[PDB]
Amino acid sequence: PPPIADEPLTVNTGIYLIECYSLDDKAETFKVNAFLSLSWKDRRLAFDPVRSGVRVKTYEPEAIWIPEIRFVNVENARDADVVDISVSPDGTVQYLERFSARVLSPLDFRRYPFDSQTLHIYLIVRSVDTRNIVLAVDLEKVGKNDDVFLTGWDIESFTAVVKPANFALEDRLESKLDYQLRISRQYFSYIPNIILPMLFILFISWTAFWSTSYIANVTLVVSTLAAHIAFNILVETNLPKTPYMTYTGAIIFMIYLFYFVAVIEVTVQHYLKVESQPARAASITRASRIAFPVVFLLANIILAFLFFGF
């Protein structure tokens, strides 16, 4: 029974985040729990405060026509309880539900761990026999409690794109809204647990530049190479497989390269010094001691600029 109309029906939406949680990097999903609030004019429900009863009447959902509002990107239909439906004298219906869903929104891992993400909640409504278009009432979209926390992320803002995207799908009009939760990863913990140990085992690796023993050098460089393989695995398992190159994906690969030519060096110095050519072996190692750290820091400046400063 949609309200009989001379024009497009505006349903006013707002979302108030109550709890936010389980951001899944591999899955690129997050779970949300909130108030969805809808409001629309059905004048067939209009009344007189004095002549009709009291100020607002409440109906349960089976009474009224309610628009079917679905979230566009969600694994399953949201789980919702209807909190209230209240009709105002002029025919204004105010609906409030409390819902929970896990949303599917893509993530950009290019600056990971140093990445910020903008999560989307898309609302659509589909027209039949009268047009529906969604729009946002900003006073009920303000959207967060001060206790809302998303673990391991700082929550920057929750807002909505006010103009909907109206389009045709299978010979009917659909109206879509984009709600945006922007967040920034807390990169802190990555430093003691990942970045710094990586660095230590690399530096320890090239400690072999002040040594002449082939077996101690092989032992060093391959030990440290092992731990770097473990860190690459540790990191890679908690990330999805991207078509593109992440920032620490880049530095981790770069590191593989430094390990390779460090092994080339130790091998070459050893060969030279069983060739009775210790002058040239020694001059290579003397050089590496400067070359390796410097080219590392240069490559890292270049890399960092490439990912962040461009």
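One-based numbering along the sequence shown.
Per-stretch averaging of Cα B factors for 5 to 13 and 293 to 301 places 5 to 13 on top. Higher average CA B factor: 86 to 94, of the stretches 86 to 94 and 236 to 244.
Listed residues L225, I191, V142, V125 were ranked by CA B-factor as deposited; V142 comes out on top. The entry lists C-alpha B-factors for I121, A101, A136, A168, and the highest of these is at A136. For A282, the recorded CA temperature factor ranks within the highest third of the chain's modelled residues. Residue-level temperature factors show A63 in the highest third of its chain, judged at the C-alpha atom.
Per the PDB record, residue ranking by Cα B-factor puts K176 in the lowest third of the chain. Compared with the other modelled residues of the chain, the Cα B-factor recorded for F209 ranks in the highest third.
In the PDB entry, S276 places in the highest third of its chain by CA B-factor.
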